[PDB]
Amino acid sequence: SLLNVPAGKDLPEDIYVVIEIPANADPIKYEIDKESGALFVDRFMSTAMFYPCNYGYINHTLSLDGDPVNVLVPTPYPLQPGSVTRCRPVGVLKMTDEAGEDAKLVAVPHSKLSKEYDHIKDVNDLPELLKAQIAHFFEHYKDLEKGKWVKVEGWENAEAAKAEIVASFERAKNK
């Protein structure tokens, strides 16, 4: 029951990300349906691009855009869809699309799971190649879709990311 997974052990620095799409996956956009807790296909992108890292959501959050908060999680190996990963937020990729807000958080595995990300404390600590690859992916994977687009704005720090988690958690908690 994905629907009974906690938002985190100690929000907002210690969170749980439920994986929707694994790293290196084909360009099929999936989305969690909170009514059923089932993953629905959104769209089969026409571009020849693959997901640069894992993509999931924080359960029990309500982003202003209506969906839970989405998170990009880089890992040693691709994660199983539906698995829950303990992470630590490090930044946010600010973007917009024809529909409005589309920011995505970036988080790294918690030290209990792996020791290789212990030194990534903020968005500026992530490899420059990884950040460029992620931003490029989002800017272009919808290129061949008519009436759809994505404008990538920039990166924001961990503090920005944490503000968003606590705000979205409360936005569903008290509502």
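Note that residue numbering begins at 1 and tracks the sequence as displayed.
The mean C-alpha temperature factor is higher for 101 to 109 when 81 to 89 and 101 to 109 are set side by side.
Higher average CA B factor: 147 to 155, of the stretches 161 to 169 and 147 to 155. When the C-alpha B factors of 124, 59, 54, 133 are read from the deposited coordinates, the top value falls at 124. Split the chain's modelled residues into thirds by C-alpha temperature factor. Residue 140 is in the lowest one. Residue-level temperature factors show residue 63 in the highest third of its chain, judged at the C-alpha atom.
Among the modelled residues of its chain, residue 32 has a C-alpha B-factor that falls in the highest third, as given in the PDB entry.
In this PDB entry, residue 39 carries a Cα temperature factor that places it within the middle third of its chain's modelled residues. Split the chain's modelled residues into thirds by C-alpha temperature factor. Residue 129 is in the highest one.
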